[PDB]
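> Experimental structure and sequence below, a few questions after.
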Amino acid sequence: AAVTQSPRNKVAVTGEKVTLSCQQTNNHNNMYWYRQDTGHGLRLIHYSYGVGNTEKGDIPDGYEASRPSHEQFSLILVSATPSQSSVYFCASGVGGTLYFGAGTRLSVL
């Protein structure tokens, strides 16, 4: 567990801002946030090549991200919606290497 997600669970009410934090001890240059719906693969939401950089993934709409330090990468749902209920996984990495977090179950009510 060189990559830690917090919270591990989140129950949100529609409209609440939700911030998911990803913290690493890998010292990896890159960090990543994915969503995994039941029955599907990990879909890339946003990523980062280093502090202060965020890059839109394949499914960025209705998420922001922040890389405030080399070690931390946050995913922000500005205004939670039911369609955002899912399991979110972060990863650190460099080159093609990926080191995933344990996941965050998110239920939006």
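Structure's in. What do you need? Numbering: from 1, shown residues only.
> centroid residue for this structure?
In the chain, the residue lying closest to the centroid (C-alpha atoms, centre = their mean) is residue 33, at 3.2 Å.
> right, and that one touches residue 22 too?
Yes. The pair residue 33 and residue 22 qualifies as a contact (C-beta atoms under 8 Å) at a distance of 6.8 Å. (Each C-beta comes from the backbone N, C-alpha and C, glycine too.)
> what do the two both touch?
Taking C-beta atoms under 8 Å, 6 or more residues apart in numbering as the contact criterion, the residues that touch both residue 33 and residue 22 are 73, 75, 90.
> Show the contacting residues for the first one.
Counting by C-beta under 8 Å, 6+ apart, residue 73 touches 21-22, 24, 31-33, 48, 65-67, 90, 92.
> Most neighbours among those residues, please name it.
Using other C-beta atoms under 10 Å as the contact criterion, the top neighbour count among those goes to residue 31, which has 30 neighbours.
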